[PDB]
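One structure is given here, and the rest of the page talks about it.
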Amino acid sequence: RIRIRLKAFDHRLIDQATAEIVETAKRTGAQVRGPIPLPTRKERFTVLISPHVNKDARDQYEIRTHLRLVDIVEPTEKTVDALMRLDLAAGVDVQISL
Amino acid sequence: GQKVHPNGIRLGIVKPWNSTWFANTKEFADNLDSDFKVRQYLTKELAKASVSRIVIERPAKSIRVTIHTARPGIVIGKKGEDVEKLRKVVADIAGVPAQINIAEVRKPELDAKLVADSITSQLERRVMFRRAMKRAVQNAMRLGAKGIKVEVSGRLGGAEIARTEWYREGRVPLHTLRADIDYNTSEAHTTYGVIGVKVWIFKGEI
Amino acid sequence: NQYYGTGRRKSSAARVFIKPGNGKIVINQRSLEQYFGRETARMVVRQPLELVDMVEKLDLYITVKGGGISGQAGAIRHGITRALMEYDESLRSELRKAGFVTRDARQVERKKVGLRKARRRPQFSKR
Amino acid sequence: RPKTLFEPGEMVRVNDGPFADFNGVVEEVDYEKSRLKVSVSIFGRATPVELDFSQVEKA
Amino acid sequence: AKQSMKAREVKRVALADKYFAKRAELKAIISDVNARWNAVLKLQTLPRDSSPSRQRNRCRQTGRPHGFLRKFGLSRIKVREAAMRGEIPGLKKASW
Amino acid sequence: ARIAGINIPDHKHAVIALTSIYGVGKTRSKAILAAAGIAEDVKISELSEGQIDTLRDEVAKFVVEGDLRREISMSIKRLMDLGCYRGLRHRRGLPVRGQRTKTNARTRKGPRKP
Amino acid sequence: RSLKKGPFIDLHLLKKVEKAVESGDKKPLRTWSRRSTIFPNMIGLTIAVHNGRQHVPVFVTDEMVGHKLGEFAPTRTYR
RNA sequence: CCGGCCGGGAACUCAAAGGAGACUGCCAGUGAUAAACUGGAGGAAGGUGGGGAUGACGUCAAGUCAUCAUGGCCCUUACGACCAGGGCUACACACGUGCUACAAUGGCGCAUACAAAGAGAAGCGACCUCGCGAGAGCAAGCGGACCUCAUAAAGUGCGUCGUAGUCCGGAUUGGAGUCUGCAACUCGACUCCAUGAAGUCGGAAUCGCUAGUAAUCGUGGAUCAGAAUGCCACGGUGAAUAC
RNA sequence: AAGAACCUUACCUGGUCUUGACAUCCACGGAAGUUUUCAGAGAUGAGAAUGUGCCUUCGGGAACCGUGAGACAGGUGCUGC
């Protein structure tokens with residue numbers, strides 16, 4: 001019932017943080033639904049490469065927000081006690097829900 | 001003129017990003033401007049300190065800035081006072097609580113920013129451009145890089161017609177995305193004009 | 001095995017619950033005759049559904065997901081291949097020979113910068 | 001009932017939760033959302049979280 | 001360079017976001033009639049720079065009127081430079 | 001079925017003849033069609049007085065046929081007598097609805113004069 | 001083409017027109033601001049729109065009410 | 001509730017992490033016993049499987065002192081700076097680029113299908129009511145695999161038009177709602193109702209394209225208070241021809 | 001130019017300059033701000049009401065604001081040969 005949605009611009013940090021939340025729930029010994037991949041947002045930007053005049057010559061950039069949802073079945077007080085700074089990742093933003 | 005930027009083309013493959021944080025689209029632009037201002041301040045304050053790379057990580061409560069410096073002692077100061085003052089001013093630029101760490105850069109000539117600003121300072125001091133380029137490539141080959149390319153560009157040796165001279169030692173395989181090439185630029189504000197030095201150092205295939 | 005839809009073509013993946021029985025296509029719990037029964041090109045996509053020659057004793061319910069109609073038909077066809085492969089593997093040679101086992105990797109090419117389409121280029125003036 | 005009256009803008013700090021020893025100012029509350037919107041610092045990360053009085057126990 | 005244009009942008013943001021956009025919002029929602037006009041006359045009396053339409057989005061570092069990208073906050077040349085230096089997090093070249 | 005115009009149905013639609021008359025638009029056509037509710041491609045034999053009176057009352061209720069020459073020549077004539085340039089700019093012949101005149105406007109200007 | 005919530009006039013032009021009608025002894029009223037719908041009160045007054053450095057004086061009549069003031073002023077010159 | 005909606009299940013589509021697979025690996029022939037080429041099995045993919053990013057030393061004193069930075073020069077009670085109005089939108093004309101067509105492989109009507117990629121908080125905005133309509137009022141769900149933009153369009157199945165200047169849509173100031181009200185006059189977009197011009201497939205020339213390509217038909221984005229037929233992406237149907 | 005109604009925005013009218021729209025100092029005064037009136041096309045002036053909090057080893061310190069001279073600004077000015 002505890003709902004953690006964890007997102008980052010890099011997928012290795014994403015797998016690390018979801019493994020950490022899975023590890024905390026596994027240490028407390030509760031049933032964990034496996035980490036659900038959620039679809040990646042590909043934000044594409046097309047940017048002219050020349051200061052004055054060019055239209056054909058232009059380069060493309062993508063920001064990719066990888067998304068995971070653990071959807072752990074059971075929260076507990078020991079994980080609440082160990083919750084402080086458990087993610088420890090500047091790359092990942094985590095949103096909690098009840 | 002027609003070439004890719006090596007850090008950008010290797011940004012997802014080999015070379016790491018300079019700023020690692022997540023902010024939403026509301027705060028992305030304000031964060032990016034704060035990164036630029038923090039980088040600008042500590043660059044201009046610690047240019048004598050041989051700062052090479054500046055890594056700003058925001059855990060979105062705070063800001064953590066790691067400065068990769070060849071000379072750590074001048075940044076740190078005596079008893080941490082200088083780096084504490086830097087942390088305070090970086091805190092008011094960012095608007096959030098701040099942290100600054102110093103990561104030392106061993107093998108200072110092997111770093112691309114440092115060799116470029118060294119050639120720039122010599123060109124400011126009117127040392128010969130050829131002397132600066134040859135010293136750069138020879139010290140890199142002595143320290144053990146597989147290659148180094150140095151480009152000086154513009155108004156060389158106080159000559160009215162601008163020229164571009166490249167001194168190359170070793171291997172700099174830019175097309176290989178596996179290869180780690182550190183590419184950086186510096187700018188010499190000489191009395192006749194601006195001279196741009198662009199350096200590439202190739203260390204290995206990762 | 002229950003004969004089901006597999007396979008892919010264009011932007012499609014197939015959902016046909018083909019079964020023993022007389023063959024009449026039903027789409028979204030509605031008749032093909034109601035949907036597009038007398039449609040021209042419904043025949044040129046119905047023949048690929050039968051192209052596997054394994055429809056003759058088989059009733060068909062078709063609600064394939066994704067893509068346009070012909071890509072849906074190609075997905076249905078490829079599914080009837082891979083399911084008949086799962087039924088008996090001796091007909092693999094004849095389906096491979098007739099070209100049904102191949103997934104056509106053809107897909108829409110991306111639009112490119114300085115080009116109006118994937119390959120179409122703007123008109124060039126000599127002067 | 002302890003703290004049966006609910007006051008908007010009231011500051012409560014949960015020592016058990018990750019929000020302990022963290023100070024924040026709530027400029028905007030989304031009444032139209034019907035969920036209280038605070039940029040709470042969680043795991044040392046400040047992000048806006050929708051919250052309810054039933055959802056989080058008051059300190 | 002272009003210092004007057006940057007100061008004018010600071011001026012219209014300051015007049016619009018802080019001084020007004022509550023006064024102007026109330027006058028506008030009055031001016032749409034809900035069952036010569038006073039809301040029209042008061043909206044005339046309020047400064048023209050209080051309109052958020054007056055603000056032109058410019059690059060934060062350079063100040064360019066054209067080329068702005070709102071997620072980045074910078075003009076196209078500066079987002080290219082920050083992209084190649086790695087300042088923009090997660091920006092990698094797209095090659096699909 | 002001729003009212004204030006030069007056009008009659010001839011085994012064809014009343015609506016095209018009405019909008020062939022100037023001073024009205026096709027909304028009169030659409031509304032007269034909706035009130036009629038029958039196929040108009042049929043013959044114009046037994047053209048009904050009901051059709052004639054509906055067309056007459058509909059044009060009388062809405063903008064009358066032949067006010068178009070009136071509206072153009074009013075804007076022209078009153079601002080030419082006053083001396084204001086609004087009538088003058090519609091006298092010159094170019095599009096003043098905001099349209100480009102740099103290389104287009106051949107409909108207003110006519111065939112090209114080299 | 002415009003809002004039916006209200007007719008649009010400039011406040012300064014409205015004050016100067018009501019002052020001109022009330023006084024009854026007026027010269028042409030100079031208005032740089034061209035985007036003003038003429039009211040029925042204006043008829044019988046001379047009002048000067050902005051073009052160049054020159055003077056465009058419009059004496060408003062009964063017909064020219066719903067129109068804006070700038071329609072009667074030409075901003076460009078041609079042959 | 002015959003809606004996966006709901007228990008359930010994770011079997012499949014799918015999401016997105018890690019792998020496997022394609023290397024002339026095998027077989028034959030040619031070739032020098034070499035490289036390679038030609039066919040053949042296997043395989044989903046076969047010989048850069050398709051596409052993209054990637055642009056060597058240099059070149060043209062090619063473009064940008066108007067993104068920025070920069071040497072020198074000039075102005076500095078003005079070449080700075082502030083506001084209103086205006087021009088950047090004018091027009092005897094002439095080419096470059098795309099759009100709409102000149103109908104019947106097409107219109108027009110009624111009923112019925114089948115997508116992918118994206119965006120969304122001063123934002124996307126369902127439902128309902130009022131409007132012919134653009135829209136208004138009320139207003140749920142949504143910082144997003146959930147809700148919304150957004151019941152794609154070609155495809156049809158039936159009818160009808162069977163020269164029609166056609167729904168092909170041009171044309172001054174109207175009759176309107178929306179945006180911002182500095183504010184839609186010069187200068188917005190939208191069903192606009194304005195009169196239904198020109199064009200009955202375009203001379204000399206010229207351009208793009210070798211397969212999911214040309215053609216055609218729709219959808220989204222960035223910019224943006226509003227304002228694309230451009231630009232950037234997305235899917236659908238889908239050729240012809242290379243001696 | 002990935003967005004000319006105004007703004008963007010250089011080119012025509014009214015207002016400004018030794019601190020200029022924009023940074024830094026030296027001096028003096030005032031919290032910063034909010035709300036109004038009149039004239040005017042208006043940043044421009046001429047007036048009114050409330051707020052000297054915040055603090056300084058008070059021999060008073062702030063982000064600030066008003067004014068004055070100088071240093072200084074400012075230029076989308078020229079030369080991409």
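In the structure tokens, the first chain shown is A, the next is B, and so on; residue numbers restart at 1 for each chain, and ligands run from 1 in the order shown.
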
- Query: Near segment 84-92 of chain H, within 7 Å and counting only C-alpha atoms (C1' of nucleotides), which residues show up once chain neighbours fewer than 4 positions away are dropped, as a PyMOL selection string?
  - Reply: (chain F and resi 101-102+113-114) or (chain G and resi 32-33+50) or (chain H and resi 187) or (chain I and resi 4+41-42)

- Quick one: which residues from chain G are at most 10 Å off chain H, using only C-alpha atoms (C1' of nucleotides), as a ChimeraX atom specification? /G:1-4,8,31-37,49-53,67-79

- Item | Contacts of segment 44-53 of chain H within 6 Å, only C-alpha atoms (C1' of nucleotides), excl. fewer than 5 positions in-chain, as a list in words | residues 102 and 103 of chain C; 95 and 96 of chain E

- Message: Set the cut-off to 9 Å and count only C-alpha atoms: what are the residues of chain C that reach chain A? Output as an MDAnalysis selection string.
- Response: chainID C and resid 113:115

List as a tab-separated table every residue of chain B that is in contact with chain A, defined as an atom at most 7 Å from one of its atoms (using only C-alpha atoms), together with the nearest atom pair and the distance in Å rounded to one decimal, sorted by chain and then rising number.
residue	atom	partner	partner_atom	distance
B:20	CA	A:91	CA	5.7
B:21	CA	A:91	CA	4.7
B:22	CA	A:91	CA	5.7
B:57	CA	A:90	CA	5.9
B:58	CA	A:90	CA	5.7
B:59	CA	A:90	CA	4.4

- Message: Between atom CA of residue 34 of chain D and atom CA of residue 16 of chain D, what is the distance in Å, rounded to a tenth?
- Response: 26.1 Å

Would you write out, as CSV, a table of all residues in chain D that have an atom no more than 12 Å from an atom of chain H, listing for each the closest atom pair and the distance in Å to one decimal, considering only C-alpha atoms (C1' of nucleotides) and ordering rows by chain and rising residue number?
residue,atom,partner,partner_atom,distance
D:30,CA,H:121,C1',11.2
D:32,CA,H:140,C1',11.4
D:33,CA,H:142,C1',9.7
D:47,CA,H:143,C1',11.6
D:48,CA,H:143,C1',10.0
D:49,CA,H:143,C1',11.0
D:50,CA,H:143,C1',11.3

- Query: Could you work out how far atom CA of residue 4 of chain E lies from atom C1' of residue 13 of chain I, giving the answer in Å with one decimal?
  - Reply: 21.1 Å

- Message: So that I can see what lies close to residue 152 of chain B, please list as a PyMOL selection string the residues with an atom at most 6 Å from it, counting only C-alpha atoms (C1' of nucleotides) and leaving out residues fewer than 5 positions away in the same chain.
- Response: chain B and resi 164-165+196-197

Report the residues of chain A whose backbone DSSP state falls under alpha helix (DSSP H), written as a compact mmCIF listing (two decimals) with C-alpha atoms, in the first residue's frame.
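Listing of part.txt after writing:
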# COMPACT_ATOMS: atom_id res chain seq x y z
CA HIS A 11 18.80 4.36 -15.48
CA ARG A 12 21.69 2.96 -13.43
CA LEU A 13 20.82 5.29 -10.54
CA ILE A 14 17.20 4.21 -11.02
CA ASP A 15 18.06 0.52 -10.60
CA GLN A 16 20.31 1.31 -7.63
CA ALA A 17 17.64 3.27 -5.75
CA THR A 18 14.87 0.74 -6.43
CA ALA A 19 17.21 -2.03 -5.25
CA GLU A 20 17.82 -0.02 -2.07
CA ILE A 21 14.10 0.35 -1.30
CA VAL A 22 13.63 -3.37 -2.08
CA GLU A 23 16.54 -4.09 0.30
CA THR A 24 14.96 -2.09 3.14
CA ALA A 25 11.63 -3.90 2.76
CA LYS A 26 13.47 -7.24 2.49
CA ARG A 27 15.43 -6.51 5.67
CA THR A 28 12.21 -5.81 7.55
CA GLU A 77 7.80 1.38 11.51
CA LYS A 78 11.36 0.03 11.32
CA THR A 79 11.57 1.16 7.70
CA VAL A 80 10.09 4.48 8.88
CA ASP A 81 12.94 4.73 11.43
